[PDB]
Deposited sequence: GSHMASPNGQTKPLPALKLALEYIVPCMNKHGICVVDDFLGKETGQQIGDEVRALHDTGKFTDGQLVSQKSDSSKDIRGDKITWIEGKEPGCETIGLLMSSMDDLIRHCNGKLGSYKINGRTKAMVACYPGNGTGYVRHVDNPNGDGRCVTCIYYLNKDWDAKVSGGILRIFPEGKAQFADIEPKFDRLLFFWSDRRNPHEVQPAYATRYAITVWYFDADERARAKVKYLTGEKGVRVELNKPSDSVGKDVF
């Protein structure tokens, strides 16, 4: 399905209605499997961090470590399929120009590639952008083949503001997710008992980032 059709007929209405949007089969099996292979290569090559410290033990060898990350621009060697994923996400957002809320999306971050090792670690409830740092849309791509939450966990639970219910999102293979980055969508990752990969990109609203930049002022010589 073309990016423009997807954007206008589903992503825009759904984001403006619920603030959470799921697109399944975003790139197809070939592309998705190659993305998975590139991410697994990065993991094999040691490109990831050791993971977030969850419990500090006095024998530091017994310290548990959770989500590993690596930042990917999309032009590194052996990452060109990741780059095409991000150019596709960019195409989607570009076709949504001006139609998601009142935001004018003028930029994005690098890709944060996250790897939950499958050792029972999750991610605690949080808000992506709680202090108006300019990020308005969180966009995530899941690449875990035949993931069964019932067996392996790893569900992303979003707690939409003002709604009692949850929104449970399994990290399905070739799945794309959009949600507002601010207080409207607190979320957490339930414990993962298998290796769980995700690729996240945050998109910037021009005005919010422009006035956020001031706090970064601390610059031109005199």
Inset, instruction - Numbering from 1, run down the deposited sequence and write out every stretch that has no C-alpha in the structure. - result: 1-13, 232-236, 241-252
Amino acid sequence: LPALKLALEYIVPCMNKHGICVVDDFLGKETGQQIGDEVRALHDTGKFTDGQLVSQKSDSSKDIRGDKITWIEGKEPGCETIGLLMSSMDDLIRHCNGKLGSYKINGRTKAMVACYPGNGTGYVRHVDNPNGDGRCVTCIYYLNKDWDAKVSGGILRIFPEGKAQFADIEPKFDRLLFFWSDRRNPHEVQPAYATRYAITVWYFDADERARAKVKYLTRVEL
From here on, numbers count along this sequence of modelled residues.
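Throughout, rigid core stands for the largest set of C-alpha atoms superposing within 1.5 Å between the two forms.
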Legend entry - Between 40-48 and 24-32, the one whose CA atoms sit farther away in 5 other deposited structures of this protein (rigid core aligned): 40-48
Inset, instruction - Taking the root mean square of C-alpha distances over all structures and residues in 5 other deposited structures of this protein, with a rigid core superposition, name the larger of 78-86 and 143-151. - result: 143-151
Legend entry - Between the two ranges 146-154 and 130-138, the one averaging a larger CA B factor in the entry: 146-154
Legend entry - 111-119 versus 89-97 - greater average Cα B-factor per the deposited record: 89-97
Legend entry - Highest recorded Cα temperature factor - choice among 170, 182, 50, 44: 44
Inset, instruction - Taking the chain's C-alpha temperature factors as the reference, tell me which third residue 159 falls into: lowest, middle or highest. - result: middle
Legend entry - Third assignment of residue 214 from its chain's C-alpha B-factors: highest
Inset, instruction - Just say lowest, middle or highest third for the CA B-factor of residue 11 relative to the other modelled residues in its chain. - result: middle
Legend entry - Entry-reported Cα temperature factor of residue 64, expressed as the chain third it lands in: highest
Inset, instruction - Report the third (lowest, middle or highest) to which the CA temperature factor of residue 84 belongs, ranking only the modelled residues of the same chain. - result: middle
